[PDB]
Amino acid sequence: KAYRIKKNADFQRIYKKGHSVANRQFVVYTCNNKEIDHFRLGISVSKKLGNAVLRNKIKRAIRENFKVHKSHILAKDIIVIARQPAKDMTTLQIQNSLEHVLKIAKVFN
């Protein structure tokens, strides 16, 4: 399977059956998937935060974080949702905010 979650039906199963945590900039959902043996990541960044340039910068920051932690993440489905205050972070701060919330989410990273 690919590492990126694409289907909208997968986003819904995770929201309904999964578990969430949040800091001020990000909500994180996790949900085990016994049929997969590596993590998967879905990202949601609402148009309320800004235009496509801003949203893709946030998406790129999240993907770069999981890429660097690629080998020490547990085999769960993971959804990262950007909250409105994410639009006011520096690119550097996004990485430390993600490290904080992912540690709270028990993704082993």
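One rule holds for the numbers: they count along the sequence shown, beginning at 1.
For the two regions 65-73 and 22-30, the entry's Cα B-factors average higher over 65-73. 38-46 and 53-61 differ in mean CA B-factor, and the higher of the two is recorded for 38-46.
Listed residues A9, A86, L92, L98 were ranked by CA B-factor as deposited; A9 comes out on top.
Per the PDB record, residue ranking by Cα B-factor puts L102 in the lowest third of the chain.
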